[PDB]
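Source file: entry13.txt (compact mmCIF, C-alpha atoms and all ligand atoms)
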# COMPACT_ATOMS: atom_id res chain seq x y z
CA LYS I 252 0.00 0.00 0.00
CA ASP I 253 0.70 3.73 0.03
CA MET I 254 -1.76 4.88 2.68
CA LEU I 255 -2.40 8.40 3.87
CA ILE I 256 -4.77 8.51 6.84
CA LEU I 257 -6.69 11.79 6.84
CA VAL I 258 -7.98 12.26 10.38
CA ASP I 259 -10.73 14.86 10.75
CA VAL I 260 -9.83 16.58 14.02
CA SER I 261 -12.36 19.40 13.87
CA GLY I 262 -14.65 20.67 16.59
CA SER I 263 -17.54 18.32 15.84
CA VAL I 264 -15.46 15.20 16.62
CA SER I 265 -14.78 15.99 20.29
CA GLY I 266 -15.66 13.44 22.95
CA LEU I 267 -16.38 9.85 21.95
CA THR I 268 -15.80 10.37 18.23
CA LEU I 269 -12.16 11.37 18.75
CA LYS I 270 -11.59 8.39 21.04
CA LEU I 271 -12.95 6.04 18.39
CA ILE I 272 -10.96 7.79 15.65
CA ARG I 273 -7.64 7.48 17.46
CA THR I 274 -8.32 3.84 18.36
CA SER I 275 -9.34 3.18 14.75
CA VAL I 276 -6.19 4.79 13.37
CA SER I 277 -4.09 2.70 15.76
CA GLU I 278 -5.85 -0.48 14.63
CA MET I 279 -5.48 0.59 10.99
CA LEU I 280 -1.73 1.10 11.42
CA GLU I 281 -1.57 -2.33 13.04
CA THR I 282 -2.45 -3.81 9.62
CA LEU I 283 0.51 -2.35 7.69
CA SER I 284 3.58 -4.44 6.95
CA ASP I 285 7.17 -3.37 6.30
CA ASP I 286 6.52 -3.20 2.54
CA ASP I 287 3.88 -0.50 3.10
CA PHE I 288 4.37 3.25 3.30
CA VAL I 289 2.05 5.44 5.37
CA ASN I 290 1.72 8.96 6.72
CA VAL I 291 -1.04 10.46 8.86
CA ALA I 292 -2.45 13.92 8.16
CA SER I 293 -5.11 15.89 10.03
CA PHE I 294 -7.22 18.82 8.84
CA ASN I 295 -9.43 21.49 10.44
CA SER I 296 -9.70 24.42 8.01
CA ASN I 297 -5.98 23.71 7.56
CA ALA I 298 -4.23 20.41 6.90
CA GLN I 299 -1.05 19.40 8.69
CA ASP I 300 0.99 16.34 9.55
CA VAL I 301 0.21 14.82 12.93
CA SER I 302 3.82 13.79 13.50
CA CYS I 303 7.42 14.71 12.73
CA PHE I 304 7.23 12.93 9.37
CA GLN I 305 6.80 15.17 6.33
CA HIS I 306 6.20 12.45 3.72
CA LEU I 307 5.30 8.80 3.28
CA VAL I 308 7.49 6.74 5.59
CA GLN I 309 7.90 2.98 5.79
CA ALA I 310 5.45 1.25 8.12
CA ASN I 311 7.90 -0.53 10.39
CA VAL I 312 7.61 -0.86 14.16
CA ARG I 313 9.40 2.38 15.06
CA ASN I 314 7.60 4.59 12.52
CA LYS I 315 4.25 2.99 13.35
CA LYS I 316 4.88 3.76 17.02
CA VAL I 317 5.72 7.38 16.21
CA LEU I 318 2.52 7.76 14.21
CA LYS I 319 0.50 6.07 16.96
CA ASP I 320 1.89 8.44 19.59
CA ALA I 321 1.12 11.43 17.39
CA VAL I 322 -2.46 10.23 16.84
CA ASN I 323 -2.92 9.57 20.56
CA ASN I 324 -1.66 13.11 21.29
CA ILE I 325 -4.20 14.73 18.96
CA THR I 326 -6.96 17.16 19.93
CA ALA I 327 -10.13 18.35 18.22
CA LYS I 328 -10.80 22.02 17.45
CA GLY I 329 -11.95 24.21 14.58
CA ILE I 330 -14.05 24.15 11.43
CA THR I 331 -13.73 21.38 8.85
CA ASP I 332 -12.43 21.90 5.31
CA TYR I 333 -12.57 18.82 3.09
CA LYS I 334 -10.74 20.56 0.24
CA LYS I 335 -7.57 21.71 2.01
CA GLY I 336 -7.30 18.21 3.50
CA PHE I 337 -7.70 16.19 0.33
CA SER I 338 -5.36 18.62 -1.42
CA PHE I 339 -2.75 17.78 1.22
CA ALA I 340 -3.41 14.06 0.82
CA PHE I 341 -3.18 14.11 -2.97
CA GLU I 342 -0.02 16.23 -2.79
CA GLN I 343 1.68 13.86 -0.35
CA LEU I 344 0.77 10.95 -2.61
CA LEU I 345 2.39 12.81 -5.54
CA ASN I 346 5.80 12.97 -3.81
CA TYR I 347 8.32 10.81 -5.65
CA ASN I 348 11.53 12.15 -4.09
CA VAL I 349 11.20 9.71 -1.17
CA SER I 350 11.38 5.94 -1.06
CA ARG I 351 7.98 4.37 -1.70
CA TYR Y 99 -48.54 42.35 11.24
CA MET Y 100 -45.26 42.89 9.37
CA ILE Y 101 -43.50 43.33 12.71
CA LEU Y 102 -45.22 40.12 13.77
CA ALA Y 103 -43.96 38.42 10.60
CA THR Y 104 -40.37 39.43 11.29
CA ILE Y 105 -40.75 38.17 14.87
CA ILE Y 106 -41.81 34.70 13.69
CA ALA Y 107 -39.05 34.83 11.09
CA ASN Y 108 -36.49 35.54 13.82
CA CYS Y 109 -37.93 32.76 15.98
CA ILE Y 110 -37.55 30.26 13.13
CA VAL Y 111 -34.01 31.48 12.46
CA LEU Y 112 -33.17 30.96 16.14
CA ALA Y 113 -34.74 27.50 16.16
CA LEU Y 114 -32.82 26.55 13.01
CA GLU Y 115 -29.38 26.81 14.66
CA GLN Y 116 -27.20 23.82 15.55
CA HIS Y 117 -24.24 23.80 17.94
CA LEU Y 118 -20.95 21.92 17.57
CA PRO Y 119 -18.45 21.43 20.40
CA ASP Y 120 -15.10 23.13 19.93
CA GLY Y 121 -15.64 26.06 17.60
CA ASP Y 122 -16.95 23.91 14.77
CA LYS Y 123 -20.03 25.27 13.02
CA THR Y 124 -22.39 23.99 10.36
CA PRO Y 125 -22.39 25.21 6.74
CA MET Y 126 -25.89 26.63 7.26
CA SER Y 127 -25.13 28.39 10.54
CA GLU Y 128 -23.07 30.91 8.57
CA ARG Y 129 -26.16 31.86 6.57
CA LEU Y 130 -28.20 32.11 9.76
CA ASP Y 131 -25.47 34.37 11.17
CA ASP Y 132 -25.58 36.62 8.10
CA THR Y 133 -29.35 37.02 8.32
CA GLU Y 134 -29.10 38.87 11.68
CA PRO Y 135 -28.54 42.49 10.46
CA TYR Y 136 -31.92 42.54 8.69
CA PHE Y 137 -33.67 41.57 11.92
CA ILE Y 138 -31.77 44.06 14.07
CA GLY Y 139 -32.45 46.79 11.51
CA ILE Y 140 -36.18 46.08 11.41
CA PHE Y 141 -36.34 46.08 15.20
CA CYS Y 142 -34.40 49.36 15.39
CA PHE Y 143 -36.67 50.95 12.76
CA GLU Y 144 -39.74 49.85 14.72
CA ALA Y 145 -38.23 51.24 17.92
CA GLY Y 146 -37.50 54.53 16.16
CA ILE Y 147 -41.08 54.78 14.93
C1 LIG T 401 1.76 16.46 22.54
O1 LIG T 401 1.68 16.27 23.96
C2 LIG T 401 2.21 17.36 24.72
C3 LIG T 401 2.13 16.96 26.18
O2 LIG T 401 0.81 16.57 26.53
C4 LIG T 401 1.44 18.64 24.41
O3 LIG T 401 2.02 19.73 25.12
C5 LIG T 401 1.46 18.92 22.92
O4 LIG T 401 0.64 20.04 22.62
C6 LIG T 401 0.97 17.70 22.14
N1 LIG T 401 1.06 17.94 20.71
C7 LIG T 401 0.13 18.60 20.02
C8 LIG T 401 0.39 18.76 18.55
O5 LIG T 401 -0.88 19.05 20.55
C1 LIG T 402 11.16 16.97 -4.98
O1 LIG T 402 12.37 17.42 -5.60
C2 LIG T 402 12.18 18.44 -6.59
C3 LIG T 402 13.53 18.73 -7.20
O2 LIG T 402 14.58 18.26 -6.36
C4 LIG T 402 11.54 19.67 -5.94
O3 LIG T 402 11.29 20.65 -6.95
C5 LIG T 402 10.24 19.29 -5.25
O4 LIG T 402 9.72 20.41 -4.54
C6 LIG T 402 10.49 18.14 -4.27
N1 LIG T 402 9.24 17.73 -3.63
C7 LIG T 402 8.19 17.22 -4.27
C8 LIG T 402 7.01 16.87 -3.42
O5 LIG T 402 8.18 17.04 -5.49
CA CA T 403 -17.14 19.14 11.31
Could you spell out this file's structure in structure tokens?
Amino acid sequence: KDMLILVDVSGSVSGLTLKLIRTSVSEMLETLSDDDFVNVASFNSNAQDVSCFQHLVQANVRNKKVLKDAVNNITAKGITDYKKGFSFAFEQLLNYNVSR
Amino acid sequence: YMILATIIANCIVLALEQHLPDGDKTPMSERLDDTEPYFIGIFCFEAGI
């Protein structure tokens, strides 16, 4: 795969929804092998990386842990924007400078 | 009766709002927020009369 998990951390996902989203992203990462490349983005009127990674990184144990920590440390606030988020996703899947 | 009509209009606008937790807001709440100046103007004009 070449995943890119867009997490919608806007205002309307506070409470139980954010709990389920972070657990779901953890359990989604737990299905990626070492041949798979994944990054996690998050958008609320502005799309950003959840972690220190700026591109698609290999889904090995260390990188998966870093992404899981970043997703667990995430908070919900602000208005949604499905265009600035999918633009970020489609741009990060158009990066060919990195290993993939 | 026109003042009455704007009162029921304002009541429906108030009842049409929806609230989201952390500063999120619905795509239609912006329109409901833009419709306020007409109501405040009509009320001020009535008060002036
Ligand atoms: C990560 O966790 C620390 C400690 O709880 C917090 O200060 C920081 O704001 C978190 N990161 C983000 C992006 O919120
Ligand atoms: C990749 O490298 C090229 C040239 O080195 C650069 O113009 C571009 O901004 C880099 N990033 C992406 C996502 O293409
Ligand atoms: Ca929302």
Practice item. One decimal, Å: what's the distance from atom CA of residue 329 of chain I over to atom CA of residue 316 of chain I, could you say? Key: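 Between these atoms lies a distance of 26.6 Å.
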What separates atom CA of residue 145 of chain Y and atom CA of residue 100 of chain Y is a distance of 13.9 Å
Quick one: which chain Y residues come within 12 Å of ligand CA 403 (chain T), and what is the nearest atom pair for each with the distance in Å to one decimal, counting all atoms listed in the file, rows ordered by chain and ascending number, as a Markdown table?
| residue | atom | partner | partner_atom | distance |
| --- | --- | --- | --- | --- |
| Y:116 | CA | T:CA403 | CA | 11.9 |
| Y:117 | CA | T:CA403 | CA | 10.8 |
| Y:118 | CA | T:CA403 | CA | 7.8 |
| Y:119 | CA | T:CA403 | CA | 9.5 |
| Y:120 | CA | T:CA403 | CA | 9.7 |
| Y:121 | CA | T:CA403 | CA | 9.5 |
| Y:122 | CA | T:CA403 | CA | 5.9 |
| Y:123 | CA | T:CA403 | CA | 7.0 |
| Y:124 | CA | T:CA403 | CA | 7.2 |
| Y:125 | CA | T:CA403 | CA | 9.2 |
If we count all atoms listed in the file, which residues of chain I reach to within 8 Å of chain Y? Please list them as a PDB file with C-alpha atoms, keeping the file's coordinate frame.
ATOM      1  CA  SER I 261     -12.360  19.400  13.870  1.00  0.00           C
ATOM      2  CA  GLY I 262     -14.650  20.670  16.590  1.00  0.00           C
ATOM      3  CA  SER I 263     -17.540  18.320  15.840  1.00  0.00           C
ATOM      4  CA  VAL I 264     -15.460  15.200  16.620  1.00  0.00           C
ATOM      5  CA  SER I 265     -14.780  15.990  20.290  1.00  0.00           C
ATOM      6  CA  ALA I 327     -10.130  18.350  18.220  1.00  0.00           C
ATOM      7  CA  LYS I 328     -10.800  22.020  17.450  1.00  0.00           C
ATOM      8  CA  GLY I 329     -11.950  24.210  14.580  1.00  0.00           C
ATOM      9  CA  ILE I 330     -14.050  24.150  11.430  1.00  0.00           C
ATOM     10  CA  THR I 331     -13.730  21.380   8.850  1.00  0.00           C
TER      11      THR I 331
END
Could I get the residue neighbourhood of ligand LIG 401 (chain T) at 8 Å, counting all atoms listed in the file, as a PyMOL selection string?
chain I and resi 301-302+321+324-326
For the contact check between chain I and ligand LIG 402 (chain T), emit one row per residue of chain I within 9 Å, containing the shortest atom pair and the distance in Å rounded to one decimal, counting only C-alpha atoms and all ligand atoms, chain then rising number order, as a Markdown table.
| residue | atom | partner | partner_atom | distance |
| --- | --- | --- | --- | --- |
| I:306 | CA | T:LIG402 | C8 | 8.4 |
| I:342 | CA | T:LIG402 | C8 | 7.1 |
| I:343 | CA | T:LIG402 | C8 | 6.8 |
| I:344 | CA | T:LIG402 | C8 | 8.6 |
| I:345 | CA | T:LIG402 | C8 | 6.5 |
| I:346 | CA | T:LIG402 | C8 | 4.1 |
| I:347 | CA | T:LIG402 | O5 | 6.2 |
| I:348 | CA | T:LIG402 | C1 | 4.9 |
| I:349 | CA | T:LIG402 | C1 | 8.2 |
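You will find atom CA of residue 332 of chain I at 27.8 Å from atom CA of residue 287 of chain I.
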List every protein, DNA or RNA residue with an atom no more than 12 Å from (-34.2, 31.9, 15.3) in the file's coordinates, counting all atoms listed in the file, and format the result as a ChimeraX atom specification. /Y:104-116,127,129-131,133-134,137
| message | Between I:283, I:271, I:254, I:260, which residue has the minimum interatomic distance to residue 310 of chain I, considering all atoms listed in the file? | response |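 Smallest separation from residue 310 of chain I among the options: I:283.
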request  = Would you kindly return, as an MDAnalysis selection string, each protein, DNA or RNA residue with an atom no farther than 10 Å from any atom of residue 340 of chain I, considering only C-alpha atoms and excluding same-chain residues fewer than 5 positions away?
outcome  = chainID I and resid 254:257 290:293 298:299 334:335 345
Return as AutoDock Vina command-line options the box centre and box size in Å, one decimal, for an axis-aligned box around all listed atoms of segment 135-144 of chain Y padded by 8 Å per side.
--center_x -34.1 --center_y 46.3 --center_z 12.0 --size_x 27.2 --size_y 25.4 --size_z 22.7
Output: segment 261-347 of chain I of the preceding structure, restricted to C-alpha atoms, written as a PDB file, in the first residue's frame.
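Done, and the output landed in selection.pdb:
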ATOM      1  CA  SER I 261     -12.360  19.401  13.866  1.00  0.00           C
ATOM      2  CA  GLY I 262     -14.651  20.675  16.590  1.00  0.00           C
ATOM      3  CA  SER I 263     -17.539  18.320  15.837  1.00  0.00           C
ATOM      4  CA  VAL I 264     -15.460  15.204  16.623  1.00  0.00           C
ATOM      5  CA  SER I 265     -14.783  15.991  20.287  1.00  0.00           C
ATOM      6  CA  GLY I 266     -15.660  13.441  22.951  1.00  0.00           C
ATOM      7  CA  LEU I 267     -16.385   9.845  21.947  1.00  0.00           C
ATOM      8  CA  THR I 268     -15.798  10.374  18.229  1.00  0.00           C
ATOM      9  CA  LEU I 269     -12.159  11.372  18.754  1.00  0.00           C
ATOM     10  CA  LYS I 270     -11.586   8.388  21.045  1.00  0.00           C
ATOM     11  CA  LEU I 271     -12.948   6.044  18.395  1.00  0.00           C
ATOM     12  CA  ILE I 272     -10.961   7.791  15.649  1.00  0.00           C
ATOM     13  CA  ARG I 273      -7.639   7.477  17.462  1.00  0.00           C
ATOM     14  CA  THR I 274      -8.320   3.839  18.356  1.00  0.00           C
ATOM     15  CA  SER I 275      -9.344   3.176  14.747  1.00  0.00           C
ATOM     16  CA  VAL I 276      -6.190   4.795  13.370  1.00  0.00           C
ATOM     17  CA  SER I 277      -4.093   2.703  15.761  1.00  0.00           C
ATOM     18  CA  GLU I 278      -5.849  -0.477  14.628  1.00  0.00           C
ATOM     19  CA  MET I 279      -5.476   0.591  10.994  1.00  0.00           C
ATOM     20  CA  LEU I 280      -1.734   1.102  11.419  1.00  0.00           C
ATOM     21  CA  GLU I 281      -1.566  -2.326  13.040  1.00  0.00           C
ATOM     22  CA  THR I 282      -2.449  -3.813   9.618  1.00  0.00           C
ATOM     23  CA  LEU I 283       0.505  -2.345   7.693  1.00  0.00           C
ATOM     24  CA  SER I 284       3.580  -4.443   6.948  1.00  0.00           C
ATOM     25  CA  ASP I 285       7.168  -3.371   6.296  1.00  0.00           C
ATOM     26  CA  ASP I 286       6.518  -3.196   2.542  1.00  0.00           C
ATOM     27  CA  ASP I 287       3.883  -0.504   3.095  1.00  0.00           C
ATOM     28  CA  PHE I 288       4.366   3.254   3.301  1.00  0.00           C
ATOM     29  CA  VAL I 289       2.051   5.438   5.369  1.00  0.00           C
ATOM     30  CA  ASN I 290       1.721   8.957   6.724  1.00  0.00           C
ATOM     31  CA  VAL I 291      -1.042  10.461   8.862  1.00  0.00           C
ATOM     32  CA  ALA I 292      -2.454  13.919   8.157  1.00  0.00           C
ATOM     33  CA  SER I 293      -5.113  15.893  10.029  1.00  0.00           C
ATOM     34  CA  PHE I 294      -7.222  18.817   8.838  1.00  0.00           C
ATOM     35  CA  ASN I 295      -9.426  21.486  10.436  1.00  0.00           C
ATOM     36  CA  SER I 296      -9.704  24.425   8.012  1.00  0.00           C
ATOM     37  CA  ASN I 297      -5.978  23.712   7.562  1.00  0.00           C
ATOM     38  CA  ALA I 298      -4.235  20.406   6.904  1.00  0.00           C
ATOM     39  CA  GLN I 299      -1.050  19.399   8.695  1.00  0.00           C
ATOM     40  CA  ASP I 300       0.994  16.336   9.550  1.00  0.00           C
ATOM     41  CA  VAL I 301       0.205  14.820  12.927  1.00  0.00           C
ATOM     42  CA  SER I 302       3.823  13.790  13.504  1.00  0.00           C
ATOM     43  CA  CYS I 303       7.422  14.714  12.732  1.00  0.00           C
ATOM     44  CA  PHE I 304       7.227  12.932   9.369  1.00  0.00           C
ATOM     45  CA  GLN I 305       6.800  15.172   6.329  1.00  0.00           C
ATOM     46  CA  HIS I 306       6.198  12.452   3.716  1.00  0.00           C
ATOM     47  CA  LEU I 307       5.296   8.797   3.276  1.00  0.00           C
ATOM     48  CA  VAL I 308       7.487   6.737   5.595  1.00  0.00           C
ATOM     49  CA  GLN I 309       7.902   2.978   5.789  1.00  0.00           C
ATOM     50  CA  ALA I 310       5.452   1.248   8.116  1.00  0.00           C
ATOM     51  CA  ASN I 311       7.903  -0.529  10.392  1.00  0.00           C
ATOM     52  CA  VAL I 312       7.609  -0.863  14.158  1.00  0.00           C
ATOM     53  CA  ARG I 313       9.395   2.384  15.055  1.00  0.00           C
ATOM     54  CA  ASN I 314       7.596   4.587  12.518  1.00  0.00           C
ATOM     55  CA  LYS I 315       4.252   2.987  13.348  1.00  0.00           C
ATOM     56  CA  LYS I 316       4.878   3.759  17.020  1.00  0.00           C
ATOM     57  CA  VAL I 317       5.724   7.381  16.213  1.00  0.00           C
ATOM     58  CA  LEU I 318       2.519   7.763  14.209  1.00  0.00           C
ATOM     59  CA  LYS I 319       0.495   6.068  16.961  1.00  0.00           C
ATOM     60  CA  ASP I 320       1.891   8.438  19.593  1.00  0.00           C
ATOM     61  CA  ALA I 321       1.115  11.433  17.388  1.00  0.00           C
ATOM     62  CA  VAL I 322      -2.460  10.233  16.839  1.00  0.00           C
ATOM     63  CA  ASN I 323      -2.917   9.574  20.556  1.00  0.00           C
ATOM     64  CA  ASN I 324      -1.664  13.108  21.288  1.00  0.00           C
ATOM     65  CA  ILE I 325      -4.203  14.727  18.965  1.00  0.00           C
ATOM     66  CA  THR I 326      -6.962  17.164  19.934  1.00  0.00           C
ATOM     67  CA  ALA I 327     -10.134  18.351  18.224  1.00  0.00           C
ATOM     68  CA  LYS I 328     -10.801  22.021  17.446  1.00  0.00           C
ATOM     69  CA  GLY I 329     -11.952  24.212  14.576  1.00  0.00           C
ATOM     70  CA  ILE I 330     -14.047  24.152  11.429  1.00  0.00           C
ATOM     71  CA  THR I 331     -13.730  21.375   8.850  1.00  0.00           C
ATOM     72  CA  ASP I 332     -12.429  21.904   5.305  1.00  0.00           C
ATOM     73  CA  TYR I 333     -12.567  18.819   3.089  1.00  0.00           C
ATOM     74  CA  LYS I 334     -10.742  20.565   0.237  1.00  0.00           C
ATOM     75  CA  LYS I 335      -7.573  21.706   2.014  1.00  0.00           C
ATOM     76  CA  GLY I 336      -7.300  18.209   3.497  1.00  0.00           C
ATOM     77  CA  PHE I 337      -7.697  16.186   0.331  1.00  0.00           C
ATOM     78  CA  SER I 338      -5.362  18.621  -1.420  1.00  0.00           C
ATOM     79  CA  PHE I 339      -2.747  17.782   1.215  1.00  0.00           C
ATOM     80  CA  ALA I 340      -3.413  14.060   0.822  1.00  0.00           C
ATOM     81  CA  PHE I 341      -3.177  14.111  -2.972  1.00  0.00           C
ATOM     82  CA  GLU I 342      -0.024  16.228  -2.790  1.00  0.00           C
ATOM     83  CA  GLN I 343       1.683  13.861  -0.354  1.00  0.00           C
ATOM     84  CA  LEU I 344       0.771  10.947  -2.613  1.00  0.00           C
ATOM     85  CA  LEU I 345       2.390  12.811  -5.538  1.00  0.00           C
ATOM     86  CA  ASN I 346       5.795  12.967  -3.805  1.00  0.00           C
ATOM     87  CA  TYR I 347       8.319  10.813  -5.649  1.00  0.00           C
TER      88      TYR I 347
END
